[PDB]
Amino acid sequence: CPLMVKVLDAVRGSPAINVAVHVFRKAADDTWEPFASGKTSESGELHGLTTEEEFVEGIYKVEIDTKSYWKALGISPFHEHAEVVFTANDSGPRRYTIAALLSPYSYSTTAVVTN
Amino acid sequence: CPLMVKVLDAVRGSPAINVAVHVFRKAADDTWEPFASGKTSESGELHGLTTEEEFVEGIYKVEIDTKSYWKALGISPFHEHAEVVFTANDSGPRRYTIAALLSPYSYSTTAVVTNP
Amino acid sequence: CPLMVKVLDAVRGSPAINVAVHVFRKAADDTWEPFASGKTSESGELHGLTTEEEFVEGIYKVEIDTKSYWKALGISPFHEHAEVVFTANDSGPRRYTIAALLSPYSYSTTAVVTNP
Amino acid sequence: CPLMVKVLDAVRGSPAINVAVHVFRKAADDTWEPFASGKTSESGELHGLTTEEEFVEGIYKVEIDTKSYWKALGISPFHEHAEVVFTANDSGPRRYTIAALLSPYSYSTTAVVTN
């Protein structure tokens, strides 16, 4: 899998489980075309989003539905979602790991790009 | 000032200066309408984006053009930009500070929301 | 003010108020000597820890008592405290801001270093 | 392993490899007693630090030699090291993952405590 997403919960110190994640690919007319989606597992990870054949160079948006996650845990959140926007580049390593660390009023994201 | 943005550079340990910021608001028809824009100062702060009157209830997106910033410094970063999407003024007028901390392959964003 | 500390609360999206902070400096004999201490204000900032004259070259440790803060709020966090260890004034006097962002199981710290 | 450490590099978007990590346990007289140590692998992870038998309740310090890491990559760092200080508690889940994300002038750490 060339594209993995991993989400952690900074309040509970745990993987963020059952978080919905939507990936889009920027179309020629600048609209965001649905590309892949899933929900994080019990390890807070989401594998199998796409394949090497399908994951061509281009601009992608990974949308993490953090609002719904916090709501289901009874906690009031600030953001509608977390958004990660990046260009996939064949010149760089082959596997992209998009990691996100969630708090109610803050989040951080990190790209781990490896061979 | 009901909406402020502060940006830091985690590589240099300094304010991130001349960072372009674009703010949008979700319209009735569900598209992102331009709302306000500006660039961070030598302190890494962006003030005067909008006014109390104009900053009504809505869903706002604050786009911080981190790629433009890093490339202007001769560096090739991972992200196109940092996007911060939030409902604002849903319980009456608040003051929002959107803070961001920038590294070439990583960023974090925080919101400080106060009631004047 | 050559050494400032700013602390935010990532759960509430607010300044972290009344956070105890203890600063130490590594002594000739390699032990941590007490240097300065204080508590963050309603803005989450701690000013006036030390003076230009007293803040000499050295290795400093800024201990932010995050456990005391969370427990005072009726919350059981993971860390005892957040420790920030750095050489200071090695190239002459600088101004340091140590920023921290607090969650119950996580924190981040940033240094902004300026030359007056 | 009840105690794992994982380190990432926010500048290169990669695991932080060959980072020295020292763990200490607080002794009765308040001194820090060496407990375990190692160097992160090519995945930026360090396994096998200790065992369930050895990892008793108490206060621990995980020291991550970030200064040396940045130096070896030709980059000027701010911190002497990153320090993570915490109480190990038998009332909580069994596996502690101490994660750290490194920049020259900033770092974040997160505890992932699971079953």
Side-chain angles (χ1 to χ4, degrees), chain A residues 1-8 15-66 69 81-102 107-115, chain B residues 63 65-68 70-71 75-83 103-107, chain D residues 4 6-18 40-45 47 73 97 99 101-102 112:
Chain A
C1 303
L3 182 57
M4 198 266 282
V5 179
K6 170 165 178 157
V7 190
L8 295 174
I17 301 151
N18 206 234
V19 186
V21 180
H22 293 258
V23 188
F24 309 83
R25 195 195 177 265
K26 208 176 202 174
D29 63 359
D30 272 357
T31 58
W32 288 107
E33 162 187 330
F35 177 83
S37 63
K39 287 216 147 206
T40 60
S41 67
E42 77 187 313
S43 73
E45 297 178 10
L46 172 54
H47 299 245
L49 281 169
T50 188
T51 59
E52 224 125 47
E53 301 275 65
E54 291 151 352
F55 192 51
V56 298
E57 289 189 300
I59 303 189
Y60 293 79
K61 167 163 66 195
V62 177
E63 204 163 79
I64 306 181
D65 191 11
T66 56
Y69 174 80
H81 55 249
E83 276 192 8
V84 184
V85 179
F86 67 101
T87 304
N89 181 194
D90 275 353
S91 289
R94 275 284 85 178
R95 283 186 194 188
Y96 296 79
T97 292
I98 306 293
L101 175 68
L102 311 181
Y107 69 84
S108 82
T109 187
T110 298
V112 186
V113 184
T114 64
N115 264 320
Chain B
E63 164 198 306
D65 194 355
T66 61
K67 189 180 177 155
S68 288
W70 289 117
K71 287 186 64 271
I75 297 147
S76 300
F78 183 77
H79 301 92
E80 287 301 306
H81 42 249
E83 280 167 333
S103 302
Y105 278 68
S106 178
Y107 67 86
Chain D
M4 198 266 282
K6 170 165 178 157
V7 190
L8 295 174
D9 179 327
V11 176
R12 285 151 66 107
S14 71
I17 301 151
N18 206 234
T40 60
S41 67
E42 77 187 313
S43 73
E45 297 178 10
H47 299 245
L73 297 173
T97 292
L101 175 68
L102 311 181
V112 186

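Worth knowing before you read on, the calculation uses all heavy atoms, side chains too, and leaves out hydrogens, waters and symmetry mates. Reminder, nothing fancy here: chain letters follow the sequence lines and each chain counts from 1.
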From [X] atom [atom1] to [Y] atom [atom2], the distance as rounded to the nearest 0.5 Å:
X       : Y       : atom1 : atom2 : result
A:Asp65 : A:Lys39 : CG    : NZ    : 7.0 Å
D:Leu73 : D:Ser14 : CG    : OG    : 8.0 Å
A:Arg25 : A:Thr50 : CZ    : OG1   : 10.5 Å
A:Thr51 : A:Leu3  : OG1   : CG    : 11.0 Å

Has the side chain of B:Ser106 got a donor or acceptor atom that lies under 3.5 Å from a matching backbone atom of A:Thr109?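 Confirmed, B:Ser106 side chain pairs with A:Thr109 backbone.
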Between the side chain of B:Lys67 and the main-chain N/O of B:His79, is any donor-acceptor distance below 3.5 Å?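 Between the backbone of B:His79 and the side chain of B:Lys67 there is no qualifying donor-acceptor contact (under 3.5 Å).
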How would you list, by chain and number, every residue that makes a side-chain contact (heavy atoms from CB on, under 4.5 Å) with [X], sequence neighbours excluded?
X        : result
A:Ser108 : A:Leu101, B:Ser108
A:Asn89  : A:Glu57, A:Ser91, A:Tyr96
D:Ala99  : none
B:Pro104 : B:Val11, B:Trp70, B:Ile75, D:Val11

[X] side chain near [Y] side chain, heavy-atom distance below 4.5 Å:
X        : Y        : answer
A:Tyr107 : A:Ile64  : no
A:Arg94  : A:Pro2   : no
D:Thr40  : D:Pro15  : no
A:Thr97  : A:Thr114 : no
A:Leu49  : A:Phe55  : no

Could you work out, with side chain to side chain donor-acceptor pair (under 3.5 Å) as the rule, every residue matching [X], not counting sequence neighbours?
X       : result
A:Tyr69 : A:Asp9
B:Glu63 : none
A:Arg95 : none
A:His22 : none

Please report the closest heavy-atom contact between A:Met4 and A:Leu46, naming both atoms and the distance.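 Looks like CG-O, 3.5 Å.
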What residues, two or more places apart in sequence or in another chain, satisfy ring-ring contact (aromatic ring centres under 6.0 Å, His included) together with B:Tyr105?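 ring-ring contact (aromatic ring centres under 6.0 Å, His included) list for B:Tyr105, sorted by chain: B:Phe78.
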Output every pair passing salt bridge (charged side-chain N to carboxylate O under 4.0 Å, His left out) with a member in residues 41-55 of chain A, not counting sequence neighbours, ordered by first then second residue.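 Checked against salt bridge (charged side-chain N to carboxylate O under 4.0 Å, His left out) - neighbours excluded - the pairs reaching residues 41-55 of chain A are A:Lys6-A:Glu45.
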N/O donor-acceptor pairs under 3.5 Å from side chains in residues 28-35 of chain A, not counting sequence neighbours:
residue	atom	partner	partner atom	Å
A:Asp29	OD1	A:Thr31	N	3.3
A:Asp29	OD1	A:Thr31	OG1	2.7

